[PDB]
Structures are given as C-alpha cells and as structure tokens.
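Trainee: Take this structure first; my questions come after.
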Amino acid sequence: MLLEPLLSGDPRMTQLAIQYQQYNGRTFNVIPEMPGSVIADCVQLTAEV
Amino acid sequence: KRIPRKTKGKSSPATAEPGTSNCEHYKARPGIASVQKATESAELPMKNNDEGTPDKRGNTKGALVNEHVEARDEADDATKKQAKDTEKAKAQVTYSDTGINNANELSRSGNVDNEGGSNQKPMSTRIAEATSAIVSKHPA
Amino acid sequence: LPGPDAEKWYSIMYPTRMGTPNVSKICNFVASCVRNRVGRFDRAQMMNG
C-alpha cells in the first residue's frame, strides 16, 4: 500500500488529522504539521519552468 | 551494477593464532530458530484494503455486495483464518458473534463509488454512454 | 439509470443539454433556457465513501 485508503471517496483533502471524543463531548484534535516536501517543491519548480 | 526491479511500471610468516577456536559448547537458551521464526511470523506488513478504491481506468474494484454484509463476512473470514492458525475446529479468540452489538459497522466495498452512487454499471461504461448519447453523423 | 438501453435516456432526461445549431422551434426553446440547472445540485454525504 501507499496512498490507497485516501482513495475512499472525497480525495479532495487538505490536511490529515485524527481525533477522539470523551463521554462528556470534549474532544482531542491532533493535527501533525507537515514539513516542506521535496517532490512537490520540484513539481512547482518545473511548473514555473 | 544493473539492478533488477520488483515491478513493471511504464514498460508494459607463521600465524599460530592462539586467540580464537570456534567449535561448540553453548546452546541457545530460548532457542535461536524458534525465536527468530516467531520474529518472521511478526515481520510481515499488513495486507492491503483495496476494496472500494479506483483502478487504473477509474472503476471501483471489488465485488458488488452490501457494505455491512461485506464487513460481517470479513469478520467471518478472519474468524476462520484464526481457526486455521490456531489449528482447532473453532477459533478460541473469535472476531464474530461477540457480545457487542455492532450492527452499524461498515467496511468498504465495490458497491459505492467515490461520488456516492451505486456500481451496477461501472464508471467507464457510464461515461461512455453519457457521451455516446450525443453524437452526430454525416448526411447521406 | 440502469437498464440495457441507455442511449435515448440522456437526451430525454436533459432537454437543456443539446446544442442549438439552427432556428428550429426546439432550438428556439433550448436557446431560451438557463444552464446551471441541470443534473445534480445537492447531496447529503454522511460517511466516507
């Protein structure tokens, strides 16, 4: 596998996050902040070219 | 040089040496082969869930079946695999028929597409039909 | 919609889809139509895929 569970309808994503809730409605969102990515930077560079 | 690939992609004086002497005299105390055979049981990665996913052409791959029925039969198949792996006639650790009522669970299947409709007709045939509806030919 | 024959059905279901080449009465109707009112325009998605 690679990227395959993200193909399960609505692939138009922005960022990934996983969360749960307690019993009293309080939740805990965890959003990992991505670093800059080399292949996407190269795709933007060759798009400029 | 010239490394192979797993998958196709695009192209279709005197040396007395009194130090060491390696013969015998220590046995493996939990057992080398047994502990490493457990390790290569545990080494294998997870098998993929390619159900309800687009293929190359765009059609959702997998069999046409209800989502909840596919989840329940998938728990059944896991119970039978657990029975064959513990080598009993019944898996003692069972995944199905538990005390938890789980009548709302859904595992992905080939019934539903990405937009949200059914797959009685695949997406390639649906697109080809919707564009073959409007054609025009030469006059006689 | 399912069935063995699905050719005529798109033209029957969507009258504003055809082109307007001439000053026939059918095209006189279709050229007097709005265009953002065809097909799907609303859904209620509750589960991921």
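Quick reminder, even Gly has a Cβ in these numbers, built from the backbone with ideal geometry, and neighbours come from all protein chains shown. Taken together, the values in this text are just the output of simple stated rules run on the coordinates, not laboratory data.
Trainee: Do the conditions hold for B:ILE134, that is, is it more than 30 Å from C:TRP9 (Cα to Cα) and of a type in the set (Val, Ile, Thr)?
Mentor: no
Trainee: Okay, moving on. Of all residues in region B:36-93, which are small (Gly, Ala, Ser) and within 15 Å of the chain's Cα centre (by Cα)?
Mentor: B:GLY52, B:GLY62, B:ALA63, B:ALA71, B:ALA75, B:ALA78
Trainee: From (1) away from every other protein chain (no Cβ under 14 Å); (2) assigned to a loop (DSSP other than H, G, I, E, B), pick out the condition that doesn't hold for A:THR46.
Mentor: Only one criterion is unmet by A:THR46, namely (2).
Trainee: Can you find even one residue in region C:33-41 that is within 13 Å of another protein chain (Cβ to nearest Cβ) and either of a type in the set (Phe, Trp, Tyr) or over 13 Å from the mean Cα position of the chain (by Cα) (or both)?
Mentor: no
Trainee: Then there is this: Determine which single condition B:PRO45 fails, assuming it passes every other condition in (1) under 30 Å from C:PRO4 (Cβ atoms); (2) within 11 Å of another protein chain (Cβ to nearest Cβ).
Mentor: (1)
Trainee: If you go through region B:44-86, how many residues are touching a strand residue (DSSP E or B) at 6+ places or on another chain (Cβ under 8 Å) and assigned to a helix (DSSP H, G or I)?
Mentor: Residues meeting the conditions: 1.
Trainee: How many of the residues making up region A:1-39 are surrounded by 10 or more Cβ atoms within 10 Å (Cβ to Cβ), within 14 Å of chain C (Cβ to nearest Cβ) and assigned to a loop (DSSP other than H, G, I, E, B)?
Mentor: Number of matching residues: 5.
Results for (1) among the acidic types (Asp, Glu); (2) under 30 Å from C:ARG43 (Cα atoms); (3) touching a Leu at 6+ places or on another chain (Cβ under 8 Å), shown as yes or no for each residue.
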{"position": "A:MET1", "(1), (2), (3)": "no, no, no"}
{"position": "A:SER8", "(1), (2), (3)": "no, yes, no"}
{"position": "A:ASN29", "(1), (2), (3)": "no, yes, no"}
{"position": "A:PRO32", "(1), (2), (3)": "no, no, yes"}
{"position": "A:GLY36", "(1), (2), (3)": "no, no, no"}
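Trainee: Go through region B:87-140 residue by residue and tally those that are in a loop (DSSP other than H, G, I, E, B), away from chain C (no Cβ under 13 Å) and farther than 22 Å from C:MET18 by Cβ.
Mentor: Result for region B:87-140: 17.
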